[PDB]
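This report refers to the structure that appears directly beneath it.
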Amino acid sequence: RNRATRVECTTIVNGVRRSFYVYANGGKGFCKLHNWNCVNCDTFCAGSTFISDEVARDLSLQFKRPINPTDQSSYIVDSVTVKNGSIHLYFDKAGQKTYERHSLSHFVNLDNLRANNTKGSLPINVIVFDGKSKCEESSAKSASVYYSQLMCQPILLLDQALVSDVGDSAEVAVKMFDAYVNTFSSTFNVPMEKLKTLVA
Amino acid sequence: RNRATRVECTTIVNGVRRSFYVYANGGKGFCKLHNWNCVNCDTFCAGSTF
Amino acid sequence: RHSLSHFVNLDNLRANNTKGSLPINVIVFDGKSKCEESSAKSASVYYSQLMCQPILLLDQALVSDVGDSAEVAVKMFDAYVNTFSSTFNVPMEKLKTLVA
Amino acid sequence: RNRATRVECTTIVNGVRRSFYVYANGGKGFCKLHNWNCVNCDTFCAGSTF
Amino acid sequence: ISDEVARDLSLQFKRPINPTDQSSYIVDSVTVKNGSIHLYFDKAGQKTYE
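Those protein sequence lines, which keep their order, are chains V, S, C, A and U. The first sequence begins at 1597 in the authors' numbering and counts up by one. The second sequence begins at 1597 in the authors' numbering and counts up by one. The third sequence begins at 1697 in the authors' numbering and counts up by one. The fourth sequence begins at 1597 in the authors' numbering and counts up by one. The fifth sequence begins at 1647 in the authors' numbering and counts up by one.
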């Protein structure tokens, strides 16, 4: 009956109503597991069908027929371990303990990633919020569905306090750099103004 | 009949109309004290019915 | 009970802020201005629905006089700086730059 | 409920979230000073409340 | 499997996988004997050669 490829739906984030599309096969197959015209509904690549739990009930109310969701909107992290420049994030999945890995380069500046940014897009699959402020947690929970529908695959939630202490680096490194600069200056007697200009 | 988890409603602040969700259990229990599908409606933690 | 650290800057907490979110469960308003009280009453339901648990209302006049600290502390700091300078005869410009 | 002897809570340490128990009297007696069902809170021993 | 392909495969299979080795390494010294050339490099803090 319907050859449509996109389906419209809406959700509320920060007190405003946004819109997004849901992709469909367009006329081939039925996928009786979740009775929807899906395209390769097992891969998190772009363009694949992704039915979240929060929108599954709304869609099954607009279309008067039962619909089964595929994946939960989001999960809460529990443990993180750094290793050779990589970070693992641990969370539960249907009663099993699992983990996912990502690069440490994205965690240098948290403010561009936390909650509702000015750009309106997320560079990575995680989000950072304060565990004490109820409002921040609620806003993150609300935006989780929207950001998990804009791009496929669920969203992982990170508490700011937990990840705050794992990024340490070292001011000892700064002191070693200062010692190296002092040794270099003693070797060649370089004027201090250029040294400080580059040191900044 | 309804498995919905969120319910929409609106209110007026500073002359403009905002929106917010209300959380619900989604199909378990009835809570005859206030005849609504609530989830642990005694704690002020996040995600609880209010 | 709550921590005193949140009460250092009232303007980020009073009524309808620019951010649109509240850091703590209380709100501050002027008791004389009818409009401020009405706006606080109106925003109370919205902010008590955005996050769980009720909202407590604080009058600005009542809490204004409880936060006192001391300029006596400032004077004691100045006396300490004077004693330190007399101990070592430090130039005044850096002292004032840090004193600001 | 919440008259029970044991209460479970969680806290964050280093990089892992941990859980722990909180003890109570089970219902017998009540403390006005602490507003809690504390047992021998003035001394330190196994099974005490803190 | 390398890291540059491990992430893509994990995304395709919707579950984490563990890469086995790095993609490339850098040679630091060269030795030539009996018409053959020897290349040396460090792997995981240990000296290696071919």
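Heads up, the beta-carbon is just placed ideally off N, CA and C, and yes, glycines get one too.
A contact is defined here as three or more CB-CB pairs under 8 Å, and the region 1664-1678 of chain V meets this definition with respect to the region 1642-1652 of chain V.
Excluding residues up to 5 positions away in sequence, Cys1605 lie with their Cβ nearer than 8 Å to the Cβ of V/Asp1654 in the same chain. V/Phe1640 reaches chain U at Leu1657, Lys1660, counting residues in chain order whose Cβ is nearer than 7 Å. Counting only Cβ-Cβ distances below 8 Å, A/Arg1613 has contacts in chain V at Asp1674, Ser1675, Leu1758, in chain order.
At least one CB atom of chain V sits nearer than 7 Å to the CB of S/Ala1600. CA-to-CA, the gap between C/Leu1706 and V/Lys1679 works out to about 43 Å. Per DSSP, U/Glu1696 lies in no beta strand (DSSP E) segment and is marked neither H nor E. Cβ contact annotation for C/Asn1712 (same chain, cutoff 8 Å, sequence separation greater than five): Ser1735, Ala1739, in chain order.
Judged by beta-carbon spacing, S/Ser1615 lies within the 7 Å limit of V/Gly1611, meaning their Cβ atoms are closer than that value. Using a CB distance cut-off of 7 Å, V/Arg1710 does not count as an interface residue toward chain S. Membership of U/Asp1654 in the alpha helix (DSSP H) is indicated by the continuous run 1649-1659.
Below the 8 Å Cβ cutoff, chain V contributes no neighbours of C/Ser1699, its closest Cβ being approximately 11 Å away. For C/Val1762, there is no enclosing beta strand (DSSP E), as DSSP marks it with neither H nor E.
Exclusion of the five residues before and after S/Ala1620 leaves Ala1600, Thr1601, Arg1602, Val1603, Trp1632, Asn1633, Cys1634, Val1635, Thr1645 as the residues of its chain whose Cβ lies within less than 8 Å of its Cβ.
V/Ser1699 and V/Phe1725 have their C-alpha atoms some 19 Å from each other.
Interface flag for V/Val1762 against chain A is set, since a Cβ pair is found closer than 7 Å. At a beta-carbon threshold of 9 Å, the residues of chain V lying near A/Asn1610 are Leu1758, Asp1761, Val1762, ordered along the chain.
With fewer than 16 other Cβ atoms from the protein chains shown falling within 10 Å of its own Cβ, V/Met1747 counts as exposed.
For V/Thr1694, the chain U residues whose Cβ falls inside 7 Å of its Cβ are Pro1662, in order along the chain. Contacts with chain V at 7 Å (Cβ-Cβ) include C/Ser1717. With contacts defined as CB atoms closer than 7 Å, C/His1702 and C/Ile1723 fail to qualify as a contacting pair.
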